[PDB]
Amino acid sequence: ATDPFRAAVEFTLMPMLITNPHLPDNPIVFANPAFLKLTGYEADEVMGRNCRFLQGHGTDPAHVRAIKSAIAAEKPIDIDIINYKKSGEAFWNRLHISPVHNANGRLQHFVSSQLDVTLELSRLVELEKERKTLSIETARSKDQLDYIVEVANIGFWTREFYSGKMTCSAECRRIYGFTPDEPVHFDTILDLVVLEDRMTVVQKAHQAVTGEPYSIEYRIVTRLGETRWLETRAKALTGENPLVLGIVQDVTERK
C-alpha cells in the first residue's frame, strides 16, 4: 500500500521542498531526490535548516523581502531568485511556494516547487541581446557598402554560385538594359549576351570556384538594340555555397 502522491513527489524530475512552520525558523523536513541532485547536497545536509542557505552574494535583497512578507502573511508566492549550489555555481531558481492549511484554517505546512530556469533568464536573454548586436553590425557594414557604390558610381554585382540569384547597383543596372527595381538573375544578363559569347560566359560562371580574382570580357545587345562591350573583374567568396563578387564597366568607347 504505497501513497501515489508521495511516490509522485519522489520520482518527479522537478525539485520539491516541504517545511514545517511550527518548528523554529521554519526548517526543511523533506526534499525529493531531484532537489538534492540539483543543489548537490546530501539528504542529511539539508534537513533541519531554513531554505535561506541556498542564497548568496548575487541574491537580490528585494527578492528576499518579498518571500519573507508572503510567508509571514501565510500567502502563496511565485518569484525568480538567485540561489547557489554546494559547489558554488549560481543558478536561477524559479520559486513556487504554497501554504498548506488544515481543516480549521490553521497553517500546517509550506510546500514548494523549485525549477532551474538558468537557461531561460541567463542564457536566452543574452542570446537575444547578442543577436540584436549582430543585426546592427550587419546593417551597418551593408550601409557602408551600399553608400560607396552609389556615390562612386560602381557597376557592382554579386552572384550565388548555385542558384544564380544576383544583386545589382545603380551603375550596373545602367550598363545593362535593366530597370532600378526589377529582380536580376544570371539569366536576365545571359539574355543580353551576344550569341557567340554566351558559351564562354556560362562556362566561366559555372566553373569550379577559386578564391583567385579573374577577368572576363563579353559583348551584349541591350534591350534597346545597342551593342556594348563589357569588362568584368570578378572574385568568388569561398564557402559551402559561394558568393561571386564582380565589378563590370562599359568599355565600348574605343574598342
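Counting begins at 1, following the sequence as shown.
- The PDB entry records a higher mean C-alpha B factor for 238-246 than for its counterpart among 10-18 and 238-246.
- The deposited model assigns a higher average Cα B-factor to 101-109 than to the other stretch when 101-109 and 71-79 are compared.
- The top Cα temperature factor in the record, among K129, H185, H96, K85, falls on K129.
- Highest CA B-factor among the listed residues (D181, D116, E160, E89): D181.
- Among all modelled residues in this chain, the alpha-carbon of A205 has a temperature factor (C-alpha) in the middle third.
- Annotation for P33: C-alpha temperature factor in the lowest third relative to the rest of the modelled chain, per the entry.
- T39 sits in the lowest third of its chain by CA B factor, as recorded in the PDB entry.
- Per-chain ranking of the deposited C-alpha B factor places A66 in the middle third.
- In this PDB entry, the Cα temperature factor of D60 sits in the top third of its chain's modelled residues, the highest group.
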